[PDB]
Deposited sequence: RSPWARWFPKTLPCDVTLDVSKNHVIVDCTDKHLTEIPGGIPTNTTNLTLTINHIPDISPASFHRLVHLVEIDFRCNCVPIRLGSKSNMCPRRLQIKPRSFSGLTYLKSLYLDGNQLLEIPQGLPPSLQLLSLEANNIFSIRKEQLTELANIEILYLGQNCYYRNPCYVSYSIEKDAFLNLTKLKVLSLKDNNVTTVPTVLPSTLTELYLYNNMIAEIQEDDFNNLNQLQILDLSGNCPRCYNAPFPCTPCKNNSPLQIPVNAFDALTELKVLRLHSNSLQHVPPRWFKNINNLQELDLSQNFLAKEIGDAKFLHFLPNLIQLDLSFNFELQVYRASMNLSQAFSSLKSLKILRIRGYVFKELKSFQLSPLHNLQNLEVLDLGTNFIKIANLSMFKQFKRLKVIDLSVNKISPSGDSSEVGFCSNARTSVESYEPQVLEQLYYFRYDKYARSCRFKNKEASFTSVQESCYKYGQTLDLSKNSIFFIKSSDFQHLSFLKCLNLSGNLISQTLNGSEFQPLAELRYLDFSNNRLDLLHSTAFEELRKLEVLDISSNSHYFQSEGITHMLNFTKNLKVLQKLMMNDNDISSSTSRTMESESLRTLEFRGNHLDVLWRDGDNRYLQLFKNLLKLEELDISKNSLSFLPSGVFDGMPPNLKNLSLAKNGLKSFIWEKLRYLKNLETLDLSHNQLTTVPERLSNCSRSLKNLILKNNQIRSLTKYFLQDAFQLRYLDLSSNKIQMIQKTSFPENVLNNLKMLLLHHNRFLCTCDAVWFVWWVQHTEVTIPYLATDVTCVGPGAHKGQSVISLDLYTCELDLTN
């Protein structure tokens, strides 16, 4: 019990080690900077509110600020919400920041500013002005930034935030910023590389602009540069998901053979979507240290068969040559130059979108002696034919990616095609060697398909066309396999011996194999688990399972079963007792997800039929309208119960008399109108309680004893129907004074009434008239 309730609508955190006082008002529907921000505040975040102006009054007392993050209070129209459009650009009055003598970082992105704010203090190292309307950079406006190290100025002139002219940078605008390390002028309608830049630069971002030519002297003095990105100048526009204008005459970005001669420290060079047709070896004459080269989205199909430049790249770790195919050509095979065999240090090679019919072992020979190679990505190639046995020569790899091909007998889903993959907003690999054949056209498998692949630890066959009864013979070579992803196929579980040859299998995913489960009368052996002696996790979600020939699933090893998106309602049809012990003999089961099974009620017998060590149970999203809480007594190890998104109207009379073990109880999104008188009495093991999005009007102390409440890690109460009368005096006082974490106090823990108090936050509620 606090003496001084916190009324500030911001989260406040103390890191006493670094003398930091962190005040986070992100997304609090503020129209002004709140009063009462601590005087010792060092980090203030006001991102995503609607504060229309800054003034000397804004940060007057806050002389210790090292960081102000004031992003996105007035976002450009095409980037922002159309339902609450910002009426007018952010107004910054003079002298708003000059008193902030300690200020090291100022983020003003996304405020529709017209100029670089002046009057900035000389302590400043980082200034961020992305997604404003600043499209002319003048030396005079940069004087104030003598000590600046990091300067983000991109996204001020592009299709989502147009300025309708070419960007302008004055000659030498940046040269006297003698500490400047990082400069980003991406997405800006820039026409030439600005010169001369300070020789202190380590990173220069010039991507997504209109630079048609690099001058031979553009990067001459940049002997500390580590990252250079020039991508998206003369873009390759085929199937671009954004408005795309190529350089005329089908020209590439014109880079002189000596343009990079000064860049002795360069580790990263990105030349994505520059419409390049050749890669001159001479580019790399004085760069020995290069680690990452991106040449995706050019027209380098022919060059890949020649590629003399690779002889200059013995320290390269990553090479990307994806999407270099020649339009309207479907090549017979892949032609990799012998020069690839020079890439001594290569760990990652990506060649998506080369677009060819047949992959053959001899085509990968240039890679045979790359000892460090960990990832080979040949996805999205429309490969029809590939003998998988070729990968016996690639046992050292971590991931072989043939995803999205047409074979028959982790990068973001948008990655190569998106406009700016580093734009800022307001998995089985860890098991060992992985062969990813997801999203192919495999319709039938047999043992011989996997000959010589016994070293594989993860096989991903998700999203193939496999419509086959498995009998234990199809995967015989895969003696080491620990993870099989068989999701999104048409498994037919006619035989209980399915998968038994995978003797080291720990995780099996057969989710989204609903096809044979959808048609009446068909045999399904759900007892196939018995044979899998180290199986830890089974996923069988979204299989629409409503019938089973076997009555029990069996396993001595299984710990986790996901059974979401089935029809246990039909299996457990009231009057039919036959499947009430379906999961009972999964003796080591700790986690069971039976959400989304249309269970509007639970027949008696379900809880008695649960296996004895069940710890985490989800019954979410079932339309459940009633629930006999007493039956939780059968679940002696139960720690997490998820009943979210149902239609429950009551809680147990005594949660302690239903379950002694329960730590996490999730009742969000139900129809609960009141709590029982002694609901939480003596529930000392309770740690997490979600009652949000219900219809609760009143809570009294008997239901919510203080010796239970003060031990919760989290208590969620938001989006209820609290009635703020004199009867609510205890709850209101308790909420205002507690240290228990209750999220959304500042925003969605609100009185609905009476009258005067409607829409008011309970945190701000003054009930003195109740005590007169």
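Visitor: Which residue ranges of the deposited sequence are not present in the modelled coordinates?
Guide: Model skips 1 to 4, 414 to 436, 454 to 467, 814 to 817 of the deposited chain.
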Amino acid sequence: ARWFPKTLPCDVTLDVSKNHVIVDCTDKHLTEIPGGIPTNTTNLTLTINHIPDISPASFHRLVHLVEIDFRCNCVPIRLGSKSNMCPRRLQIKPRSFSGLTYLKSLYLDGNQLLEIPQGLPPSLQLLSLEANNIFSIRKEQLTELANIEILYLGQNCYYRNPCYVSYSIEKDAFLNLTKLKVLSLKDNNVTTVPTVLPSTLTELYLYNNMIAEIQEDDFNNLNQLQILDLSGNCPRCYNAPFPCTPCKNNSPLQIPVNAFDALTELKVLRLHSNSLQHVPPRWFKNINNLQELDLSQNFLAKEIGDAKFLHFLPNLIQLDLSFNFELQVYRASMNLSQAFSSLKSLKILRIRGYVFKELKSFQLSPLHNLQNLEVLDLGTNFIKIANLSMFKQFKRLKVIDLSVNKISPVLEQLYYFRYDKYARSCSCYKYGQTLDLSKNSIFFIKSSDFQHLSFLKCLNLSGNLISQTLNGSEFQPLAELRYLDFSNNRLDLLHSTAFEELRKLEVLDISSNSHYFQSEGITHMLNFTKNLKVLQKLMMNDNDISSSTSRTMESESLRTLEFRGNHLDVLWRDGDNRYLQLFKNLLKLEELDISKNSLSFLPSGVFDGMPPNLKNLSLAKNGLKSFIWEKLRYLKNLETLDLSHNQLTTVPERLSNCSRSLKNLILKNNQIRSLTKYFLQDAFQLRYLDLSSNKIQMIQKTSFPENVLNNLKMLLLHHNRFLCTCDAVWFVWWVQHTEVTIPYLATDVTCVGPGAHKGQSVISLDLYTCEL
From here on, numbers count along this sequence of modelled residues.
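Basically, rigid core = biggest C-alpha set you can superpose within 1.5 Å across the two forms.
Visitor: Out of 677 to 685 and 113 to 121, which one drifts farther from the shown form in 5 other deposited structures of this protein in terms of CA positions, with the fit done on the rigid core?
Guide: Greater root mean square C-alpha distance in 5 other deposited structures of this protein: 677 to 685.
Visitor: Please pick 271 to 279 or 657 to 665, whichever has its Cα atoms farther from the shown form in 5 other deposited structures of this protein after a rigid core fit.
Guide: When 271 to 279 and 657 to 665 are compared in 5 other deposited structures of this protein, the bigger C-alpha shift is seen for 657 to 665.
Visitor: If you take the mean CA temperature factor per stretch, which one wins between 508 to 516 and 429 to 437?
Guide: Higher of the two, by average CA B-factor, is 429 to 437.
Visitor: Can you let me know which of the two, 612 to 620 or 287 to 295, has the higher average C-alpha B-factor in the entry?
Guide: Result of the comparison: 287 to 295.
Visitor: From 252, 162, 110, 122, which pick has the Cα B-factor that tops the rest in the entry?
Guide: That would be 122, according to the entry.
Visitor: In the PDB entry, which of 471, 523, 405, 274 has its C-alpha at the highest B-factor?
Guide: In the PDB entry, the greatest C-alpha B-factor among 471, 523, 405, 274 is found at 471.
Visitor: When the deposited Cα B-factors of this chain's modelled residues are ordered and cut into thirds, is residue 235 in the lowest, the middle or the highest one?
Guide: Lowest third - that is where residue 235 ends up once the chain's C-alpha B-factors are sorted.
Visitor: Please rank the C-alpha B-factors of the chain's modelled residues and tell me whether residue 158 sits in the lowest, middle or highest third.
Guide: Answer is lowest: the recorded C-alpha B-factor places it there.
Visitor: Split into thirds by Cα B-factor across the chain's modelled residues, where does residue 12 land: lowest, middle or highest?
Guide: Tercile = middle for this residue's CA B-factor.
Visitor: Among the modelled residues of this chain, does the Cα B factor of residue 735 put it in the lowest, middle or highest third?
Guide: According to the entry, residue 735 has a C-alpha B-factor in the chain's lowest third.
Visitor: Sorting the chain's CA B-factors, does residue 22 end up in the lowest, middle or highest third?
Guide: Middle third of the chain for residue 22's C-alpha B-factor.
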